[PDB]
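A single chain comes next, written as structure tokens; it is the form deposited in one PDB entry.
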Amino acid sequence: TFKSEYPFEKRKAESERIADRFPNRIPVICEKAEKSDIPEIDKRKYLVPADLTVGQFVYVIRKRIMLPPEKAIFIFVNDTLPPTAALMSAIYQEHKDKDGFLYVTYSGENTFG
């Protein structure tokens, strides 16, 4: 995990160094759920634009991660499913970690019956 390899100081730093530099981007750390059964890539750090919606951010995730369109996913932000039509800026203001980053988790959606 990102936090599992970086202390609060070093993490709270890059956050500010990212805000001071790109006051239009959002420091997001997106990684797959622990017990989820879907693809993932080393890219966990993302600097998305505030006006971009959760849905739009989801597209990047599945694209960048090379996930097929036949399989769906859902994302968690502090054990909560954010509205798909919400602005990443709005989400960042309500769930940002004290370290400056917005931690997001994604997992495959349930489909069996």
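So that there is no doubt, residue numbering starts at 1 and follows the sequence shown.
- Look at the mean CA B-factor for 73-81 and for 48-56 in the entry; the higher one is 48-56.
- Per the PDB record, of the two stretches 10-18 and 100-108, 10-18 carries the greater mean B-factor over its C-alpha atoms.
- In this PDB entry, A86 carries a Cα temperature factor that places it within the lowest third of its chain's modelled residues.
This next part talks about the form deposited with a partner chain bound, which is not shown.
- Mapping the unseen interface onto this chain, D97 falls outside it, with no heavy atom inside 4.5 Å of its partner chain in the entry with it bound.
- Contact check for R25: a heavy atom falls within 4.5 Å of its partner chain in the entry with it bound.
- Taking the partner from the other structure, its partner chain in the entry with it bound has a heavy atom within 4.5 Å of a heavy atom of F101.
- Under a 4.5 angstroms non-hydrogen atom cutoff, its partner chain in the entry with it bound lacks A19 among its neighbouring residues.
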